[PDB]
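Worksheet: one structure, shown below.
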């Protein structure tokens, strides 16, 4: 049984994630706000029409889980609850499907398609999805996710962080860094 403090921490993580969707900072998000992220992803990666649409479709699939139904506008904390409720219910192969979105993003960073990403690659991608993010924030994020301190992050290393952020009930440095400083 998930404890009150584990639920508190997971929701805190999810609210931090959802606040990234809230591009005007009004405390509310919608389906098209989520699609905007996929559009920014396609632009920086220079995705083909087909790959760009696959990226959009995956974001829409996740939007459904987040309660970002067509036409609705919901609070960042309501979306966070939907995220926590959905993610913590998942078992086995469901959890593999849950990281597909992040693996699509990793491919977009990984310009050589070799299963490694450098700081320049990572920073360019992160500041495209989040142009409000300072160089300090982007580089801090890279440095932490580079947990083996090789100056590059492997696909498997990235997946460790994604899993810990999405499913972790206990606090870690990686989960505390993936979406920047966690929000109240």
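Each value in this text was obtained by applying a stated rule to the coordinates, not by laboratory testing. Here Cβ is always computed from backbone atoms with ideal geometry, including for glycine, and neighbour counts include all displayed protein chains.
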* Do we find a residue being outside any helix (DSSP H, G or I) and either touching a strand residue (DSSP E or B) at 6+ places or on another chain (Cβ under 7 Å) or farther than 30 Å from residue 152 by Cα (or both) anywhere in the stretch 48-55? -> no
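Assess whether residue 123 counts as being within 16 Å of the chain's Cα centre (by Cα), more than 30 Å from residue 85 (Cβ to Cβ) and either buried (at least 17 other Cβ atoms within 10 Å of the Cβ) or touching a residue at least 40 places away in the same chain (Cβ under 8 Å) (or both).
yes
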* Structure fact -> Of the conditions (1) within 21 Å of residue 42 (Cα to Cα); (2) surrounded by fewer than 18 Cβ atoms within 10 Å (Cβ to Cβ); (3) in contact with a helix residue (DSSP H, G or I) (Cβ under 8 Å, 6 or more places away or on another chain), the single one that residue 97 does not satisfy is (3)
* Given (1) free of Cβ contacts under 8 Å to residues at least 60 places away in the same chain; (2) touching a helix residue (DSSP H, G or I) at 6+ places or on another chain (Cβ under 8 Å); (3) more than 25 Å from residue 65 (Cβ to Cβ); (4) outside any strand (DSSP E or B), number of the condition residue 106 does not satisfy -> (3)
* To do: Could you run through the stretch 133-154 and say how many residues are more than 24 Å from residue 84 (Cβ to Cβ), part of a helix (DSSP H, G or I) and touching a helix residue (DSSP H, G or I) at 6+ places or on another chain (Cβ under 6 Å)?
  => 2
* Structure fact -> When the stretch 62-92 is checked residue by residue, the ones that are without any contact (Cβ under 8 Å) to a residue 24 or more places away in the chain and under 14 Å from residue 22 (Cα atoms) are 78
* Asked: Can you name the number of the only condition in (1) loosely packed, with under 15 Cβ neighbours inside 10 Å; (2) over 15 Å from the mean Cα position of the chain (by Cα) that residue 61 fails?
  -> (2)
* To do: Identify all residues within the stretch 17-32 that are outside any strand (DSSP E or B), in contact with a helix residue (DSSP H, G or I) (Cβ under 9 Å, 6 or more places away or on another chain), under 18 Å from residue 63 (Cα atoms) and without any contact (Cβ under 8 Å) to a residue 60 or more places away in the chain; write none if there are none.
  => 21, 22, 23, 27, 31
* To do: Determine if the stretch 158-177 includes at least one residue that is assigned to a loop (DSSP other than H, G, I, E, B) and free of Cβ contacts under 8 Å to residues at least 12 places away in the same chain.
  => yes
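Would you call residue 134 surrounded by fewer than 15 Cβ atoms within 10 Å (Cβ to Cβ) and out of contact with any strand residue (DSSP E or B) (no Cβ under 6 Å at 6 or more places or on another chain)? If you could, list the steps in order and put the result at the bottom.
On the way: surrounded by fewer than 15 Cβ atoms within 10 Å (Cβ to Cβ): yes; out of contact with any strand residue (DSSP E or B) (no Cβ under 6 Å at 6 or more places or on another chain): yes.
In short, yes.
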